[PDB]
Each structure stands twice: as structure tokens, then as C-alpha cells.
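K.L.:
Sending over final14.txt (compact mmCIF, N, CA and C atoms and all ligand atoms).
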# COMPACT_ATOMS: atom_id res chain seq x y z
N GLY R 1 53.43 125.84 114.43
CA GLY R 1 54.07 126.91 115.16
C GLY R 1 54.45 126.49 116.57
N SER R 2 54.49 127.47 117.47
CA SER R 2 54.93 127.27 118.85
C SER R 2 54.16 126.16 119.54
N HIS R 3 54.89 125.21 120.12
CA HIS R 3 54.24 124.07 120.76
C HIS R 3 54.66 123.97 122.22
N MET R 4 53.69 123.98 123.13
CA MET R 4 53.98 123.78 124.54
C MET R 4 53.81 122.34 124.94
N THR R 5 54.68 121.89 125.83
CA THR R 5 54.50 120.61 126.47
C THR R 5 53.38 120.72 127.50
N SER R 6 52.99 119.58 128.05
CA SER R 6 51.98 119.53 129.09
C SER R 6 52.36 118.49 130.14
N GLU R 7 52.50 118.94 131.38
CA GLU R 7 52.82 118.04 132.48
C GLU R 7 51.67 118.02 133.48
N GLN R 8 51.41 116.85 134.05
CA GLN R 8 50.33 116.74 135.03
C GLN R 8 50.87 116.22 136.36
N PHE R 9 50.42 116.83 137.46
CA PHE R 9 50.86 116.45 138.80
C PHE R 9 49.66 115.95 139.58
N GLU R 10 49.73 114.70 140.04
CA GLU R 10 48.61 114.07 140.73
C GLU R 10 48.82 114.02 142.23
N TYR R 11 47.84 114.51 142.98
CA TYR R 11 47.92 114.53 144.45
C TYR R 11 46.87 113.63 145.09
N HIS R 12 47.24 113.04 146.22
CA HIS R 12 46.36 112.11 146.93
C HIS R 12 45.41 112.79 147.90
N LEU R 13 45.90 113.83 148.57
CA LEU R 13 45.16 114.48 149.64
C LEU R 13 45.07 115.98 149.44
N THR R 14 44.13 116.59 150.15
CA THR R 14 44.06 118.03 150.28
C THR R 14 44.21 118.34 151.75
N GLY R 15 44.55 119.59 152.07
CA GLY R 15 44.63 120.00 153.46
C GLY R 15 43.31 119.75 154.18
N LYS R 16 42.21 119.97 153.47
CA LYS R 16 40.89 119.77 154.04
C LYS R 16 40.67 118.32 154.45
N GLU R 17 41.07 117.39 153.58
CA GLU R 17 40.95 115.97 153.89
C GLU R 17 41.79 115.58 155.10
N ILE R 18 42.93 116.24 155.28
CA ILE R 18 43.76 115.92 156.42
C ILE R 18 43.14 116.50 157.70
N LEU R 19 42.62 117.73 157.61
CA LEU R 19 41.90 118.36 158.71
C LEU R 19 40.72 117.53 159.19
N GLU R 20 40.10 116.80 158.27
CA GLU R 20 38.84 116.13 158.58
C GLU R 20 39.00 114.63 158.81
N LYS R 21 40.22 114.12 158.69
CA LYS R 21 40.45 112.69 158.87
C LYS R 21 40.27 112.27 160.33
N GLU R 22 39.48 111.23 160.54
CA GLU R 22 39.29 110.67 161.87
C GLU R 22 39.84 109.26 161.93
N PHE R 23 40.93 109.08 162.65
CA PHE R 23 41.53 107.76 162.79
C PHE R 23 40.75 106.86 163.74
N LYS R 24 40.68 105.57 163.41
CA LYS R 24 40.19 104.58 164.35
C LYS R 24 41.18 104.44 165.51
N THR R 25 40.67 104.01 166.66
CA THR R 25 41.53 103.78 167.83
C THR R 25 41.48 102.32 168.23
N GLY R 26 42.57 101.84 168.82
CA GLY R 26 42.68 100.45 169.22
C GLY R 26 43.39 100.34 170.54
N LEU R 27 43.46 99.13 171.08
CA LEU R 27 43.96 98.88 172.44
C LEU R 27 45.28 99.59 172.70
N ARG R 28 46.23 99.38 171.81
CA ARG R 28 47.47 100.13 171.78
C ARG R 28 47.47 100.86 170.44
N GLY R 29 48.01 102.06 170.41
CA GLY R 29 48.11 102.78 169.16
C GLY R 29 49.03 103.97 169.31
N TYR R 30 49.21 104.72 168.23
CA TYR R 30 50.01 105.93 168.29
C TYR R 30 49.35 106.99 169.17
N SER R 31 50.15 107.69 169.97
CA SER R 31 49.65 108.79 170.80
C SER R 31 48.84 109.78 169.97
N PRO R 32 47.54 109.94 170.29
CA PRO R 32 46.73 110.87 169.49
C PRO R 32 47.27 112.30 169.53
N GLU R 33 47.73 112.75 170.69
CA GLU R 33 48.27 114.10 170.81
C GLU R 33 49.49 114.29 169.91
N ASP R 34 50.37 113.29 169.89
CA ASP R 34 51.59 113.40 169.10
C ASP R 34 51.29 113.36 167.60
N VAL R 35 50.38 112.49 167.19
CA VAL R 35 50.02 112.41 165.78
C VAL R 35 49.35 113.72 165.35
N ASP R 36 48.44 114.22 166.18
CA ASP R 36 47.77 115.49 165.89
C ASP R 36 48.76 116.64 165.72
N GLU R 37 49.73 116.73 166.64
CA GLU R 37 50.74 117.78 166.56
C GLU R 37 51.50 117.68 165.25
N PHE R 38 51.82 116.46 164.85
CA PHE R 38 52.57 116.24 163.61
C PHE R 38 51.74 116.62 162.38
N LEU R 39 50.47 116.22 162.36
CA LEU R 39 49.60 116.54 161.23
C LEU R 39 49.31 118.03 161.12
N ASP R 40 49.31 118.73 162.25
CA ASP R 40 49.14 120.18 162.24
C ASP R 40 50.22 120.81 161.34
N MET R 41 51.45 120.33 161.48
CA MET R 41 52.56 120.82 160.66
C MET R 41 52.38 120.42 159.20
N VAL R 42 51.90 119.20 158.97
CA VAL R 42 51.63 118.74 157.61
C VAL R 42 50.61 119.62 156.89
N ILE R 43 49.53 119.96 157.59
CA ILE R 43 48.48 120.79 157.01
C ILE R 43 49.04 122.17 156.67
N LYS R 44 49.83 122.73 157.59
CA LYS R 44 50.51 124.00 157.33
C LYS R 44 51.37 123.90 156.07
N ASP R 45 52.12 122.81 155.94
CA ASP R 45 52.98 122.64 154.76
C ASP R 45 52.16 122.50 153.48
N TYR R 46 51.04 121.77 153.51
CA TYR R 46 50.19 121.69 152.32
C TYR R 46 49.75 123.09 151.88
N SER R 47 49.35 123.92 152.85
CA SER R 47 48.93 125.29 152.56
C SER R 47 50.08 126.08 151.94
N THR R 48 51.26 125.95 152.54
CA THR R 48 52.45 126.66 152.05
C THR R 48 52.87 126.18 150.66
N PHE R 49 52.93 124.87 150.44
CA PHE R 49 53.18 124.32 149.11
C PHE R 49 52.24 124.93 148.07
N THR R 50 50.95 124.95 148.40
CA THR R 50 49.93 125.47 147.50
C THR R 50 50.18 126.95 147.21
N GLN R 51 50.51 127.71 148.25
CA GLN R 51 50.77 129.13 148.08
C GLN R 51 52.02 129.37 147.24
N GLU R 52 53.06 128.58 147.45
CA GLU R 52 54.29 128.79 146.70
C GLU R 52 54.10 128.43 145.23
N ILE R 53 53.35 127.37 144.97
CA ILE R 53 53.04 127.04 143.58
C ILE R 53 52.24 128.17 142.92
N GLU R 54 51.24 128.70 143.63
CA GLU R 54 50.46 129.82 143.10
C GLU R 54 51.35 131.04 142.83
N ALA R 55 52.27 131.31 143.74
CA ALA R 55 53.20 132.43 143.54
C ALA R 55 54.10 132.17 142.34
N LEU R 56 54.56 130.93 142.17
CA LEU R 56 55.47 130.61 141.08
C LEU R 56 54.73 130.63 139.74
N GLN R 57 53.45 130.25 139.77
CA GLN R 57 52.62 130.35 138.57
C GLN R 57 52.38 131.79 138.17
N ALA R 58 52.18 132.66 139.16
CA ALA R 58 51.99 134.08 138.88
C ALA R 58 53.27 134.70 138.32
N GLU R 59 54.42 134.26 138.83
CA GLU R 59 55.70 134.79 138.37
C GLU R 59 55.93 134.34 136.93
N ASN R 60 55.53 133.10 136.65
CA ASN R 60 55.59 132.57 135.30
C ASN R 60 54.77 133.39 134.33
N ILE R 61 53.53 133.69 134.73
CA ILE R 61 52.64 134.54 133.95
C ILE R 61 53.26 135.91 133.69
N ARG R 62 53.87 136.49 134.73
CA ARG R 62 54.51 137.81 134.61
C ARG R 62 55.57 137.80 133.52
N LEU R 63 56.41 136.76 133.52
CA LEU R 63 57.53 136.71 132.59
C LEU R 63 57.05 136.45 131.17
N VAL R 64 56.12 135.50 131.03
CA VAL R 64 55.54 135.21 129.72
C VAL R 64 54.89 136.45 129.12
N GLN R 65 54.19 137.21 129.96
CA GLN R 65 53.47 138.39 129.48
C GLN R 65 54.42 139.52 129.09
N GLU R 66 55.57 139.60 129.76
CA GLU R 66 56.62 140.52 129.34
C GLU R 66 57.14 140.14 127.96
N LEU R 67 57.35 138.84 127.75
CA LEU R 67 57.88 138.36 126.48
C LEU R 67 56.86 138.50 125.36
N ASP R 68 55.59 138.68 125.71
CA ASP R 68 54.57 138.98 124.70
C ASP R 68 54.88 140.24 123.92
N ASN R 69 55.67 141.13 124.52
CA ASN R 69 56.01 142.40 123.88
C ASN R 69 57.35 142.37 123.17
N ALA R 70 57.94 141.18 123.04
CA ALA R 70 59.24 141.06 122.39
C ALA R 70 59.08 140.97 120.87
N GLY J 1 74.34 145.55 137.32
CA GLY J 1 74.24 144.35 138.14
C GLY J 1 73.95 144.66 139.60
N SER J 2 72.75 144.29 140.05
CA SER J 2 72.33 144.50 141.43
C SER J 2 71.25 143.49 141.80
N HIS J 3 71.25 143.01 143.04
CA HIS J 3 70.28 142.01 143.45
C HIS J 3 69.72 142.26 144.85
N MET J 4 68.48 141.81 145.05
CA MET J 4 67.88 141.74 146.38
C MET J 4 67.37 140.33 146.65
N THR J 5 67.11 140.02 147.91
CA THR J 5 66.65 138.69 148.28
C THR J 5 65.46 138.75 149.24
N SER J 6 64.67 137.69 149.24
CA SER J 6 63.57 137.52 150.20
C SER J 6 63.51 136.09 150.71
N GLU J 7 62.72 135.89 151.76
CA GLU J 7 62.45 134.57 152.31
C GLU J 7 60.95 134.41 152.53
N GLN J 8 60.22 134.08 151.47
CA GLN J 8 58.77 134.25 151.49
C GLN J 8 57.99 133.17 152.22
N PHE J 9 58.52 131.95 152.23
CA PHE J 9 57.75 130.81 152.73
C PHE J 9 58.52 130.03 153.77
N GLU J 10 57.80 129.45 154.72
CA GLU J 10 58.42 128.64 155.75
C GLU J 10 57.78 127.27 155.76
N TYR J 11 58.62 126.24 155.70
CA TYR J 11 58.17 124.84 155.76
C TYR J 11 58.57 124.20 157.07
N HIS J 12 57.78 123.22 157.51
CA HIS J 12 58.03 122.60 158.81
C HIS J 12 58.69 121.22 158.73
N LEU J 13 58.36 120.47 157.68
CA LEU J 13 58.79 119.07 157.56
C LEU J 13 59.31 118.74 156.17
N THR J 14 60.15 117.70 156.11
CA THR J 14 60.48 117.03 154.86
C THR J 14 59.71 115.71 154.71
N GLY J 15 59.64 115.22 153.49
CA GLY J 15 59.04 113.92 153.24
C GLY J 15 59.81 112.85 153.99
N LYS J 16 61.13 112.99 154.04
CA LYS J 16 61.98 112.02 154.72
C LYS J 16 61.64 111.97 156.22
N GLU J 17 61.41 113.13 156.82
CA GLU J 17 61.02 113.17 158.23
C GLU J 17 59.68 112.49 158.45
N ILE J 18 58.77 112.63 157.49
CA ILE J 18 57.45 112.02 157.65
C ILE J 18 57.55 110.50 157.47
N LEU J 19 58.40 110.05 156.55
CA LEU J 19 58.68 108.62 156.40
C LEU J 19 59.29 108.00 157.66
N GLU J 20 60.18 108.75 158.30
CA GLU J 20 60.95 108.17 159.39
C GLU J 20 60.36 108.40 160.78
N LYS J 21 59.37 109.27 160.90
CA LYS J 21 58.81 109.61 162.21
C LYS J 21 58.32 108.39 162.97
N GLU J 22 58.75 108.26 164.22
CA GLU J 22 58.27 107.19 165.08
C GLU J 22 57.42 107.76 166.20
N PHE J 23 56.14 107.41 166.22
CA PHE J 23 55.26 107.96 167.25
C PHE J 23 55.32 107.16 168.55
N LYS J 24 55.21 107.87 169.66
CA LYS J 24 55.00 107.24 170.95
C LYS J 24 53.68 106.46 170.92
N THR J 25 53.64 105.32 171.59
CA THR J 25 52.40 104.58 171.69
C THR J 25 51.77 104.75 173.06
N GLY J 26 50.49 104.41 173.15
CA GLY J 26 49.80 104.41 174.42
C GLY J 26 48.50 103.64 174.31
N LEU J 27 47.81 103.52 175.44
CA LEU J 27 46.47 102.95 175.44
C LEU J 27 45.54 103.78 174.58
N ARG J 28 44.74 103.12 173.75
CA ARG J 28 43.68 103.76 172.97
C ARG J 28 44.22 104.77 171.99
N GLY J 29 45.39 104.50 171.46
CA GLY J 29 45.92 105.38 170.45
C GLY J 29 45.30 105.13 169.08
N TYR J 30 45.68 105.99 168.13
CA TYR J 30 45.29 105.82 166.74
C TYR J 30 45.86 104.54 166.16
N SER J 31 45.07 103.84 165.35
CA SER J 31 45.53 102.64 164.66
C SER J 31 46.82 102.89 163.89
N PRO J 32 47.90 102.19 164.24
CA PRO J 32 49.16 102.40 163.51
C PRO J 32 49.03 102.15 162.01
N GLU J 33 48.28 101.12 161.64
CA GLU J 33 48.07 100.77 160.24
C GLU J 33 47.36 101.90 159.50
N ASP J 34 46.33 102.46 160.13
CA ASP J 34 45.54 103.56 159.57
C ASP J 34 46.39 104.83 159.39
N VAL J 35 47.15 105.20 160.42
CA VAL J 35 48.01 106.38 160.36
C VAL J 35 49.10 106.20 159.31
N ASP J 36 49.74 105.03 159.30
CA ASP J 36 50.82 104.78 158.34
C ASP J 36 50.33 104.86 156.89
N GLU J 37 49.18 104.25 156.60
CA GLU J 37 48.62 104.32 155.25
C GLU J 37 48.33 105.76 154.86
N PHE J 38 47.84 106.54 155.81
CA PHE J 38 47.52 107.94 155.56
C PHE J 38 48.78 108.75 155.27
N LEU J 39 49.79 108.59 156.12
CA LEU J 39 51.03 109.34 155.94
C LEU J 39 51.77 108.92 154.68
N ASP J 40 51.56 107.69 154.19
CA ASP J 40 52.16 107.29 152.91
C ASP J 40 51.68 108.20 151.77
N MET J 41 50.40 108.57 151.79
CA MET J 41 49.87 109.50 150.79
C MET J 41 50.51 110.87 150.95
N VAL J 42 50.66 111.32 152.19
CA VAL J 42 51.31 112.60 152.49
C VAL J 42 52.75 112.63 151.97
N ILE J 43 53.49 111.55 152.22
CA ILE J 43 54.88 111.47 151.76
C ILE J 43 54.95 111.60 150.24
N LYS J 44 54.08 110.88 149.54
CA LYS J 44 54.08 110.93 148.09
C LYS J 44 53.69 112.34 147.61
N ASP J 45 52.76 112.98 148.32
CA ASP J 45 52.35 114.34 147.94
C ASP J 45 53.46 115.36 148.16
N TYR J 46 54.19 115.27 149.27
CA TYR J 46 55.34 116.16 149.49
C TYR J 46 56.34 116.06 148.34
N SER J 47 56.61 114.84 147.89
CA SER J 47 57.52 114.63 146.78
C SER J 47 57.00 115.29 145.49
N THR J 48 55.70 115.14 145.23
CA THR J 48 55.09 115.73 144.04
C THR J 48 55.09 117.26 144.11
N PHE J 49 54.70 117.82 145.26
CA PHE J 49 54.73 119.28 145.48
C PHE J 49 56.13 119.80 145.19
N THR J 50 57.10 119.12 145.77
CA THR J 50 58.50 119.52 145.68
C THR J 50 58.96 119.54 144.23
N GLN J 51 58.55 118.51 143.49
CA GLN J 51 58.89 118.39 142.08
C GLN J 51 58.26 119.51 141.27
N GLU J 52 56.99 119.80 141.54
CA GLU J 52 56.27 120.82 140.79
C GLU J 52 56.91 122.19 141.00
N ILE J 53 57.29 122.47 142.24
CA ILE J 53 57.94 123.73 142.57
C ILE J 53 59.28 123.86 141.88
N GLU J 54 60.10 122.81 141.96
CA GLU J 54 61.41 122.85 141.33
C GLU J 54 61.31 122.98 139.81
N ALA J 55 60.31 122.35 139.21
CA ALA J 55 60.09 122.50 137.76
C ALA J 55 59.67 123.92 137.37
N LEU J 56 58.78 124.53 138.16
CA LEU J 56 58.39 125.90 137.89
C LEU J 56 59.57 126.85 138.07
N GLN J 57 60.38 126.63 139.10
CA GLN J 57 61.55 127.50 139.32
C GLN J 57 62.55 127.43 138.16
N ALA J 58 62.76 126.23 137.63
CA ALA J 58 63.65 126.07 136.47
C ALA J 58 63.10 126.76 135.23
N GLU J 59 61.80 126.61 135.03
CA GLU J 59 61.15 127.27 133.91
C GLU J 59 61.27 128.78 134.00
N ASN J 60 61.02 129.32 135.19
CA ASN J 60 61.09 130.77 135.35
C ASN J 60 62.51 131.30 135.10
N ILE J 61 63.53 130.54 135.50
CA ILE J 61 64.90 130.96 135.26
C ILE J 61 65.21 130.99 133.76
N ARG J 62 64.71 130.00 133.03
CA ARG J 62 64.80 130.01 131.58
C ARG J 62 64.15 131.26 130.97
N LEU J 63 63.00 131.64 131.52
CA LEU J 63 62.27 132.76 130.97
C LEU J 63 62.99 134.07 131.26
N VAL J 64 63.58 134.20 132.46
CA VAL J 64 64.32 135.41 132.79
C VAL J 64 65.54 135.58 131.88
N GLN J 65 66.19 134.46 131.57
CA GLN J 65 67.33 134.46 130.66
C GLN J 65 66.91 134.95 129.27
N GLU J 66 65.75 134.46 128.82
CA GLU J 66 65.18 134.89 127.55
C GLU J 66 64.87 136.39 127.57
N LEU J 67 64.30 136.86 128.68
CA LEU J 67 63.93 138.27 128.81
C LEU J 67 65.14 139.20 128.87
N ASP J 68 66.21 138.77 129.52
CA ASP J 68 67.44 139.57 129.60
C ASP J 68 67.92 139.97 128.22
N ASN J 69 67.78 139.06 127.27
CA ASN J 69 68.31 139.28 125.93
C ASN J 69 67.32 139.93 124.96
N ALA J 70 66.07 140.08 125.39
CA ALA J 70 64.99 140.50 124.50
C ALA J 70 64.81 142.02 124.40
N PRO J 71 64.79 142.55 123.17
CA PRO J 71 64.40 143.95 123.03
C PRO J 71 62.89 144.10 123.20
N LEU J 72 62.43 145.20 123.80
CA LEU J 72 61.00 145.41 124.02
C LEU J 72 60.47 146.60 123.22
N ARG J 73 61.12 147.75 123.35
CA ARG J 73 60.72 148.93 122.59
C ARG J 73 61.09 148.78 121.12
NI NI H 101 54.14 124.01 115.25
Translate this file's structure into C-alpha cells.
Ligand code: NI
P.N.:
Amino acid sequence: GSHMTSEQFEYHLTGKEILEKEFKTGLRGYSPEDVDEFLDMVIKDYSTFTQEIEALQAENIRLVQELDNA
Amino acid sequence: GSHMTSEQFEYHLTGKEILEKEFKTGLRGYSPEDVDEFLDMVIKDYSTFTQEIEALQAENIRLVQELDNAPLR
């Protein structure tokens, strides 16, 4: 009967891991303030990506469950 | 036939921007090698997130098309 495919998405980091990452420092290096400001945006985007996927999964569930009554 | 729209989510960066970003240097900054290796994972994750979202959006559009044509009662 009905057969679903299965796809897997592999991620390297979590927002938490980015929040908790401590870079080593050296004689010359990237401006800590500038890197921090940039990663702040990255962490926000990880949260937003996660939320949008959750929203899209819920929308998927909504549509599938409607079709349950077809 | 009638439609409404929303703008639910706000993003700050693209993967391309993270690949291309050039940081100012200074005394006692973060290890460039360490930061670059870290951001490489971020870049790959942005691409994967983006792919997953676009795949779900395509799937949902297929399902809405199916539902448009489906009798329920
Ligand atoms: Ni079968």
C-alpha cells in the first residue's frame, strides 16, 4: 500500500553550542567584539530556522490530517 | 478566489554572507583558524536548514493542491 519516502537532514551545531563556544585567543586575531556581534545574529537565525521548520511541520500535519477525511 | 498574506519570520544573514565575512583584526583577537573552522559548520548548517524548509514548502503546496480537489463530506 501507501509508501512514504524518508529524508534525513544532518546538522553540525545547535544554537546552544554556538552560545557556549569559547574561542582561543592569539597575538593577532579577529576582533572579539565583531565576531560576537556576528554570532549573535547566527544564533538568532538558528532559532528562527528551527521555529520555521516547526511551523512548516505543523502545517504539514494540518493538511495531512484534513486529507484523512477524504 | 481570495488570498491573505503574512510575514512570520525574520532572518539576519545568508550562508554566502557568512562565507564571505571579513573580520577586523586586533591584538589578542580570536584565533582566525578556530573561528573559520567554526563558521564552516554554520555555513553548512544554513544550507541544510534552507534545503529542509524549501522541501517542506514544496510538499505542503502539493498537499494543498490535493486538498483543493478532494471531497470531504
Ligand atoms: Ni505498498
K.L.:
Given the choices J:25, J:69, J:6, J:57, which gets closest to residue 70 (chain R) if the distance is worked out from only C-alpha atoms?
P.N.:
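The shortest atom-to-atom distance to residue 70 (chain R) comes from J:69.
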K.L.:
Work out how far apart CA of residue 49 (chain R) and CA of residue 2 (chain J) are and give it in Å to one decimal.
P.N.:
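Result for CA of residue 49 (chain R) versus CA of residue 2 (chain J): 28.9 Å, one decimal.
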K.L.:
At a cut-off of 7 Å, which residues of chain J touch chain R? Count only C-alpha atoms and give the answer as an mmCIF file with N, CA and C atoms, in the frame of the given file.
P.N.:
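Once everything was written out, this is part38.cif:
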data_model
loop_
_atom_site.group_PDB
_atom_site.id
_atom_site.type_symbol
_atom_site.label_atom_id
_atom_site.label_comp_id
_atom_site.auth_asym_id
_atom_site.auth_seq_id
_atom_site.Cartn_x
_atom_site.Cartn_y
_atom_site.Cartn_z
ATOM 1 N N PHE J 9 58.520 131.950 152.230
ATOM 2 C CA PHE J 9 57.750 130.810 152.730
ATOM 3 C C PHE J 9 58.520 130.030 153.770
ATOM 4 N N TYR J 11 58.620 126.240 155.700
ATOM 5 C CA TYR J 11 58.170 124.840 155.760
ATOM 6 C C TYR J 11 58.570 124.200 157.070
ATOM 7 N N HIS J 12 57.780 123.220 157.510
ATOM 8 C CA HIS J 12 58.030 122.600 158.810
ATOM 9 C C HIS J 12 58.690 121.220 158.730
ATOM 10 N N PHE J 23 56.140 107.410 166.220
ATOM 11 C CA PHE J 23 55.260 107.960 167.250
ATOM 12 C C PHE J 23 55.320 107.160 168.550
ATOM 13 N N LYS J 24 55.210 107.870 169.660
ATOM 14 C CA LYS J 24 55.000 107.240 170.950
ATOM 15 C C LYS J 24 53.680 106.460 170.920
ATOM 16 N N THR J 25 53.640 105.320 171.590
ATOM 17 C CA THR J 25 52.400 104.580 171.690
ATOM 18 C C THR J 25 51.770 104.750 173.060
ATOM 19 N N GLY J 26 50.490 104.410 173.150
ATOM 20 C CA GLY J 26 49.800 104.410 174.420
ATOM 21 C C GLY J 26 48.500 103.640 174.310
ATOM 22 N N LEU J 27 47.810 103.520 175.440
ATOM 23 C CA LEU J 27 46.470 102.950 175.440
ATOM 24 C C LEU J 27 45.540 103.780 174.580
ATOM 25 N N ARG J 28 44.740 103.120 173.750
ATOM 26 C CA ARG J 28 43.680 103.760 172.970
ATOM 27 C C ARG J 28 44.220 104.770 171.990
ATOM 28 N N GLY J 29 45.390 104.500 171.460
ATOM 29 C CA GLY J 29 45.920 105.380 170.450
ATOM 30 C C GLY J 29 45.300 105.130 169.080
ATOM 31 N N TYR J 30 45.680 105.990 168.130
ATOM 32 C CA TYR J 30 45.290 105.820 166.740
ATOM 33 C C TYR J 30 45.860 104.540 166.160
ATOM 34 N N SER J 31 45.070 103.840 165.350
ATOM 35 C CA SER J 31 45.530 102.640 164.660
ATOM 36 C C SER J 31 46.820 102.890 163.890
ATOM 37 N N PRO J 32 47.900 102.190 164.240
ATOM 38 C CA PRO J 32 49.160 102.400 163.510
ATOM 39 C C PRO J 32 49.030 102.150 162.010
ATOM 40 N N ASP J 34 46.330 102.460 160.130
ATOM 41 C CA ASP J 34 45.540 103.560 159.570
ATOM 42 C C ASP J 34 46.390 104.830 159.390
ATOM 43 N N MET J 41 50.400 108.570 151.790
ATOM 44 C CA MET J 41 49.870 109.500 150.790
ATOM 45 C C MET J 41 50.510 110.870 150.950
ATOM 46 N N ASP J 45 52.760 112.980 148.320
ATOM 47 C CA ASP J 45 52.350 114.340 147.940
ATOM 48 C C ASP J 45 53.460 115.360 148.160
ATOM 49 N N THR J 48 55.700 115.140 145.230
ATOM 50 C CA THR J 48 55.090 115.730 144.040
ATOM 51 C C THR J 48 55.090 117.260 144.110
ATOM 52 N N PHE J 49 54.700 117.820 145.260
ATOM 53 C CA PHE J 49 54.730 119.280 145.480
ATOM 54 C C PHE J 49 56.130 119.800 145.190
ATOM 55 N N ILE J 53 57.290 122.470 142.240
ATOM 56 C CA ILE J 53 57.940 123.730 142.570
ATOM 57 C C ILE J 53 59.280 123.860 141.880
ATOM 58 N N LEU J 56 58.780 124.530 138.160
ATOM 59 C CA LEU J 56 58.390 125.900 137.890
ATOM 60 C C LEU J 56 59.570 126.850 138.070
ATOM 61 N N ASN J 60 61.020 129.320 135.190
ATOM 62 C CA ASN J 60 61.090 130.770 135.350
ATOM 63 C C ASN J 60 62.510 131.300 135.100
ATOM 64 N N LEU J 63 63.000 131.640 131.520
ATOM 65 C CA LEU J 63 62.270 132.760 130.970
ATOM 66 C C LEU J 63 62.990 134.070 131.260
ATOM 67 N N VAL J 64 63.580 134.200 132.460
ATOM 68 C CA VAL J 64 64.320 135.410 132.790
ATOM 69 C C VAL J 64 65.540 135.580 131.880
ATOM 70 N N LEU J 67 64.300 136.860 128.680
ATOM 71 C CA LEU J 67 63.930 138.270 128.810
ATOM 72 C C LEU J 67 65.140 139.200 128.870
ATOM 73 N N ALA J 70 66.070 140.080 125.390
ATOM 74 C CA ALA J 70 64.990 140.500 124.500
ATOM 75 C C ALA J 70 64.810 142.020 124.400
ATOM 76 N N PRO J 71 64.790 142.550 123.170
ATOM 77 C CA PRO J 71 64.400 143.950 123.030
ATOM 78 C C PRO J 71 62.890 144.100 123.200
ATOM 79 N N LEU J 72 62.430 145.200 123.800
ATOM 80 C CA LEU J 72 61.000 145.410 124.020
ATOM 81 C C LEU J 72 60.470 146.600 123.220
#
K.L.:
As a PyMOL selection string, please: every protein or nucleic acid residue near ligand NI 101 (chain H) (cut-off 7 Å, counting all atoms listed in the file).
P.N.:
chain R and resi 1-3
K.L.:
Enumerate, as a PyMOL selection string, the complete set of residues in chain J that a backbone-based DSSP assignment places in alpha helix (DSSP H).
P.N.:
chain J and resi 15-20+32-69
K.L.:
List every residue of chain R that DSSP, applied to the backbone of this structure, assigns to strand (DSSP E or B), and report them as an NGL selection string.
P.N.:
:R and (25-30)
K.L.:
Include N, CA and C atoms and write out the residues we just selected as an mmCIF file, in the frame of the given file.
P.N.:
data_model
loop_
_atom_site.group_PDB
_atom_site.id
_atom_site.type_symbol
_atom_site.label_atom_id
_atom_site.label_comp_id
_atom_site.auth_asym_id
_atom_site.auth_seq_id
_atom_site.Cartn_x
_atom_site.Cartn_y
_atom_site.Cartn_z
ATOM 1 N N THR R 25 40.670 104.010 166.660
ATOM 2 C CA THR R 25 41.530 103.780 167.830
ATOM 3 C C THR R 25 41.480 102.320 168.230
ATOM 4 N N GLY R 26 42.570 101.840 168.820
ATOM 5 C CA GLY R 26 42.680 100.450 169.220
ATOM 6 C C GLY R 26 43.390 100.340 170.540
ATOM 7 N N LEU R 27 43.460 99.130 171.080
ATOM 8 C CA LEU R 27 43.960 98.880 172.440
ATOM 9 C C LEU R 27 45.280 99.590 172.700
ATOM 10 N N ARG R 28 46.230 99.380 171.810
ATOM 11 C CA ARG R 28 47.470 100.130 171.780
ATOM 12 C C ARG R 28 47.470 100.860 170.440
ATOM 13 N N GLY R 29 48.010 102.060 170.410
ATOM 14 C CA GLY R 29 48.110 102.780 169.160
ATOM 15 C C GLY R 29 49.030 103.970 169.310
ATOM 16 N N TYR R 30 49.210 104.720 168.230
ATOM 17 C CA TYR R 30 50.010 105.930 168.290
ATOM 18 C C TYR R 30 49.350 106.990 169.170
#
K.L.:
For the atom pair CA of residue 13 (chain J) and CA of residue 58 (chain J), what is the interatomic distance in Å to one decimal place?
P.N.:
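Going from CA of residue 13 (chain J) over to CA of residue 58 (chain J) covers 22.7 Å.
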K.L.:
Which residues, protein or nucleic acid, reach to within 10 Å of (59.5, 120.7, 128.7) in the file's coordinates when using only C-alpha atoms, and can you give that as a ChimeraX atom specification?
P.N.:
/R:4-7 /J:55,59
K.L.:
What is the distance between CA of residue 15 (chain J) and atom C of residue 36 (chain J), in Å to one decimal?
P.N.:
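Interatomic distance here is 13.1 Å.
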